[PDB]
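Chemist: Before I ask anything, here is the structure I am working with.
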Amino acid sequence: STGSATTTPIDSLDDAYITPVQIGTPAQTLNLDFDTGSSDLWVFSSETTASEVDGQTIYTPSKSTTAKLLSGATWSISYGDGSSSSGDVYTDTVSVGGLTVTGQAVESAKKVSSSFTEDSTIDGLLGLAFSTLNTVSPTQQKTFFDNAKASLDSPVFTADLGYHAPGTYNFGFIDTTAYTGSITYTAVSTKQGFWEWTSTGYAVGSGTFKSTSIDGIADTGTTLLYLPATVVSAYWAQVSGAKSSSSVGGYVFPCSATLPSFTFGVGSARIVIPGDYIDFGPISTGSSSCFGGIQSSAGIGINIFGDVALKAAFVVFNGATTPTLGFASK
Amino acid sequence: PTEXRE
């Protein structure tokens, strides 16, 4: 049992990536935002408050003959976004790229934040962190990956995000076709329930690599790269005009400027993010100030390797008894 | 931008 699905950016900025998934019988196809930094499969639904859905495709559990209420079961989730979603829970058959999982917990939103209602391209989230983070009560549920593990050829998915371009999520195998050279595997701590690993240093442009341990999370659910204040300061110091703004709330730079690449260390290996991935365009339409894609971690409490860093690598989430994270060049 | 659990 394997499965490959195409993931597609939702805008030209690559803010997020959507993957079609099949829920119910017969199938209702919803575009979900595959989030390795949460653990809940939640979807807009026939129960979602109708003042909170605006162009999204909804999951109608009443039309699925595989769909069943999980009586008394209930969910509430909060993101680093400040994003909120909550409601009740169904079991149903869920397929991703032809990999089918039956009795998947599908958490139907009665309630959804502004942030979600505002985003018409996202029909919900599919969480791929560890199941301890799942939010459903009184009985915690497991994630789609956990429900597939055993059935999979290898208990593994890869992420291969594209820069201004589609890419692929594979489940059950490693496409030795998709990366260059060697995959470097590095230890994962599951203790907080994240794909949490430790990077071995950084370089800015063609500068000297500084060996320093950076702990953070692989999170395809976050757009930007979030690194400590020290590291992020060295980065933007190399871009004439860049400053941290109170107003806009982050490093900005003049759109006319030239972003140097950013190198992160995975073991003895090195992944360069080309400077182009670090441009997130004008902070407002018409503005000649542009938003940087490396920002300070200081206000989250965690360093996040988000889409900006993962899109530069072919990434393997080895989800074995001893989980590991692989990076390759692509 | 989005910042997927807290």
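By the numbers in Swiss-Prot, the shown part of chain A spans 90-419.
So how was this one determined? The header says X-ray crystallography, 2.0 Å.
Just so you know, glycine gets a Cβ as well, placed from its N, Cα and C.
The domain 'Peptidase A1' annotation in Swiss-Prot covers A:106-417, and the record cites sequence analysis as its basis. Summarising the annotation, Swiss-Prot assigns active site to A:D124, A:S288. The disulfide bond feature in Swiss-Prot is assigned to A:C344-A:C379.
Would you situate these features in the structure and describe their surroundings?
Modeler: According to DSSP, A:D124 (active site) is assigned to a strand segment.
In the three-state DSSP scheme, A:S288 (active site) falls into the strand class. Note: A:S288 (active site) has non-local neighbours A:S302, A:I303, A:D304, A:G305, A:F353, A:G354, A:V355, A:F394, i.e. same-chain residues 6+ apart with C-beta under 8 A of its own C-beta.
For A:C344 (disulfide bond), the Cβ neighbour count at a 10 Å cut-off comes to 15, with all displayed protein chains included.
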Chemist: Out of A:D124, A:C379, which has the highest number of nearby Cβ atoms, where nearby means within 10 Å of its Cβ, if these are the recorded positions?
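Modeler: Result for the most crowded candidate: A:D124.
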Chemist: Would you kindly give the Cα-Cα distance separating A:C379 (disulfide bond) and A:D124 (active site), rounded to the nearest Å?
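Modeler: Pair distance, Cα basis, whole Å: 26 Å.
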Chemist: Cβ under 8 Å from chain B: which of the recorded positions A:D124, A:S288, A:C344, A:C379 qualify?
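Modeler: Sorted by position along the sequence, the hits are A:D124.
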